[PDB]
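Below is one structure, written out as structure tokens; the observations come after it.
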Amino acid sequence: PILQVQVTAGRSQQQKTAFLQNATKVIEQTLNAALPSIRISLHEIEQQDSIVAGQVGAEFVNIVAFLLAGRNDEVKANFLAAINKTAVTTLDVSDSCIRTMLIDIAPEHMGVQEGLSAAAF
Amino acid sequence: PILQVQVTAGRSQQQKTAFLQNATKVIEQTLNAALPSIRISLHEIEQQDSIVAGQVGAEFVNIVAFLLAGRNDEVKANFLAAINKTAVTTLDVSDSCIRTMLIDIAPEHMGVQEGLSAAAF
Amino acid sequence: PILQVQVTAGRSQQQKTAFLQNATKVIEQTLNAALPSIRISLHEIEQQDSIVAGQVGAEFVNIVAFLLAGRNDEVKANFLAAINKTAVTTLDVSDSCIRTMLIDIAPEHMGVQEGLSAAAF
């Protein structure tokens, strides 16, 4: 499951390092995808370049997760809980402010190694 | 509805400030989501880091909007019109160059407060 | 089909220029969308701001492609192959490390020129 993440700006590397590290380790820990399938990208966002509720500058994370369809409401429900857990622990933010977004892609619609669709595996 | 936005780079803050402000106010004004549900993130893009039609460096906006499924073609159709309106007014761009992308997420597939899926509310 | 792209950081412009140029030319070359419909945005990502497999700093690309639904598994399958081809040729990376993500949007859910949904055309 490749992941892209927006966090409110202003963290040390190891925050935005260890977070990606146990984000990977939690993406394995969240069934399927050994390792080579997962990636995670962090892209910090400036205050006065974001708004939570209606207050510009409000700390935030949104995870968009692209996974290969065929997975269960409850394993997905499990991703969400452990990944909010990790984001909280190692990004030093609130549980409430992480918006994850689980996007299940079909094997013919993900272009992977060699540009052969994921289906062709 | 959390929002992520790519605009061609080169604006003053208040442009890329007031735009987010009435983008929020228009996201309320566009039925459902009181406030705490909405967020908006702006991420400006350099010329020669984007292309509209086939001409590198061409002013542009693309809004990706993540909303909770269950909403109507016409309220969505309403988002699009007022949000192109706002993007135009306060980002100082053309109507034609904003590409919005309405993505309706299911309540079990959005991880929100506490990492409990949105369904569990 | 508007495109957003994350590449591992560290390329010259013309890499991240010509890539967008034949990415456009290949998006035409991949049936439908004359030109004014396509856009492509590149957003480079720092090492220690990304992870492929579980190794922070690993060169990578992910293309998210937003296209208007109604297109065939095999033309999409064609996008993937030529666009991995182009990404490889002109971004100087491996075939295996590009993750594309084909997202087919419905004509009423894409807000385009004038903020009139794409359906209304």
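Observations on the model:
- Annotation for C:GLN29 and A:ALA69: the two label points, set 7 Å from Cα along the Cα-Cβ direction, are 2.9 nm apart.
- Cα-based helix-to-principal-axis angle, C:73-91 vs chain C, degrees rounded to 10: 40 degrees
- Built amide H within the under 5 Å cut-off of A:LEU68, gap 5+: A:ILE105
- Highest-fluctuation residue, B:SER50, B:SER96, B:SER41 considered, GNM on chain B with Cα pairs under 10 Å: B:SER96
- Amide H contacts of B:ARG39 (H built 1.01 Å from N, under 5 Å, at least 5 apart or other chain): B:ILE2, B:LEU3
- Calculated from backbone phi, Karplus (6.51, -1.76, 1.60) coupling profile of region B:15-30 in Hz, x at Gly/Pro: 4, 6, 9, 4, 4, 5, 6, 7, 6, 4, 4, 7, 6, 4, 3, 9
- Distance-filtered residues of region C:1-16 - backbone nitrogen under 20 Å, label point 7 angstrom along B:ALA53 Cα→Cβ: C:1-3
- Proximal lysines to C:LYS76, defined as alpha-carbon separation beneath 18 angstrom and excluding residues fewer than eight positions away on the same chain: C:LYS25, C:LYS85
- Each part gets one Cα centre, and for region B:15-79 versus region C:1-35 those centres are 23 Å apart.
- Share, in percent, of DSSP beta bridges within chain B that are antiparallel, nearest 5: 40 percent
- Considering only alpha-carbon pairs that sit under 8 angstrom and 6 or more positions apart, the relative contact order computed for chain A is 29 percent.
- Gyration tensor (alpha-carbon) shape descriptor, the protein assembly as shown, a/c threshold 1.5: rounded
- Percent of beta bridges antiparallel (DSSP, the protein assembly as shown, rounded to nearest 5): 50 percent
- Fluctuation leader among B:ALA81, B:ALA33, B:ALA53 - chain B, Gaussian network, Cα springs under 10 angstrom: B:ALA53
- Gaussian network model of chain C, springs between alpha carbon atoms under 10 Å - residue of C:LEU68, C:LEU102, C:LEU31 with greatest fluctuation: C:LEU31
- Calculated over chain C: convex hull of Cα atoms, volume per residue (Å³): 113 Å³
A short reminder: the numbers here are calculations on the coordinates, not readings from a lab. When we count neighbours, we look across all protein chains shown, and the Cβ atoms used for this are built from the backbone with ideal geometry, even at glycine.
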